[PDB]
Amino acid sequence: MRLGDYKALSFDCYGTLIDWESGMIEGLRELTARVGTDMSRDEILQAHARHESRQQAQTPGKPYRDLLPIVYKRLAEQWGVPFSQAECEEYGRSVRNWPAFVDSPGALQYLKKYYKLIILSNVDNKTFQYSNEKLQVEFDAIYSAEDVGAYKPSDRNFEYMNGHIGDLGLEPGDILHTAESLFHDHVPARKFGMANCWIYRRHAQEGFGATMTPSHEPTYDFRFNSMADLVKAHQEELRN
């Protein structure tokens, strides 16, 4: 079972390629400073993970940039601090400042030479263009929640992808699904019988941070601590 057996990689974006935990800590800085209970970084992230995933189930058709303002509000009310609608909307715009993991541009440019690259992402298209600039590669396809009408882990996001990869000359068996999130990505990837590769970004950290906890932890076919280590394994297959 080898990485070179696939023609294409489908990627999660935020958590896998974009460091959305740094980005949202920064976008929420002014809000959490009002709490003054000196909350840990991971307590903020997990509180966000709960409200974001519940709100993505509540309104599956809401553009991500309009859904994050509601999550900001839900956080503020949970913490008992005051806030404004203008601050909510600004936090929804902050995604364009969420930084890439620094190995992402290099790793994607390497993989571009061997793989068609697909994005399957919980995002709107306007917002994702700003992240695509940071990642500095051209994706063969971008299947966003806005395109789908729903957010991962919904069946609909994976059905949508399977319904369009034909236009790239691909079948589901050609695709290695590569992601950080057990809950958003690997539980549904396994359910659809995809080969999957877990990028364990939080390997040196405690808990799941900004990704919701999965009900039952899924299996995976590959695991690497980073995109750099994925590229290292692939170079290894080529020389062996």
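Quick one: net charge around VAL148, please, counting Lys, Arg +1 and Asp, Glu -1 for every other residue with C-beta under 13 Å from its C-beta.
Net charge around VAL148: -2.
In the chain, what percentage of the DSSP-assigned beta bridges are antiparallel, given to the nearest 5?
Of those bridges, close to 5 percent are antiparallel.
Using a Gaussian network for the chain with springs between C-alpha atoms less than 10 Å apart, which of these wobbles most: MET39, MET212, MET24?
With Cα springs under 10 Å in the chain, the top fluctuation among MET39, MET212, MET24 is at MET39.
Please check which bits of region 98-115 a label hung off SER22 would reach, taking the label as a point 7 Å along Cα-to-C-beta and the cut-off as backbone N under 11 Å.
98-104
Going 7 Å from the Cα of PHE222 toward and past its Cβ, which residues in region 1-29 have a backbone nitrogen under 12 Å from where you end up?
Residues passing the 12 Å test: 1-11.
Based on the Cβ-Cβ distance from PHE192 to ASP66, what FRET efficiency comes out when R0 is 25 Å, to the nearest 0.05?
In this case the efficiency is close to 0.30.
Let me know the number of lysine pairs in region 62-208 closer than 30 Å at the Cα, not counting same-chain pairs under 8 apart.
Qualifying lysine pairs in region 62-208: 26.
By how many nm would the segment from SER40 to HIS203 lengthen if fully extended, with 0.36 nm per residue of separation less the alpha-carbon distance?
So the extension gain works out to 56.9 nm.
Using a Förster distance of 22 Å, how high is the FRET efficiency between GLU237 and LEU168, based on the Cβ-Cβ distance and rounded to 0.05?
0.45
Per-residue HN-Hα couplings for region 20-25, Karplus 6.51 cos²θ - 1.76 cosθ + 1.60 at θ = phi - 60°, whole Hz, x for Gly and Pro?
The phi angles translate into 6, 6, 4, x, 7, 3 Hz.
Ordered by residue, what ³J(HN,Hα) values in Hz, to whole numbers, does region 31-41 give under the Karplus form 6.51 cos²θ - 1.76 cosθ + 1.60, where θ = phi - 60° and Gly and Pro are x?
Whole-Hz 3J(HN,Hα) from phi for region 31-41: 5, 5, 5, 5, 6, x, 8, 6, 6, 5, 3.
Residue separation times 0.36 nm, minus the C-alpha to C-alpha distance between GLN129 and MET1: what's the value?
Result: 42.7 nm gained on full extension.
Please note: Cβ atoms are built from the backbone with ideal geometry, for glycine as well, and neighbour counts cover all protein chains shown. None of the figures in this text is laboratory data; all of them are computed from the coordinates on show.
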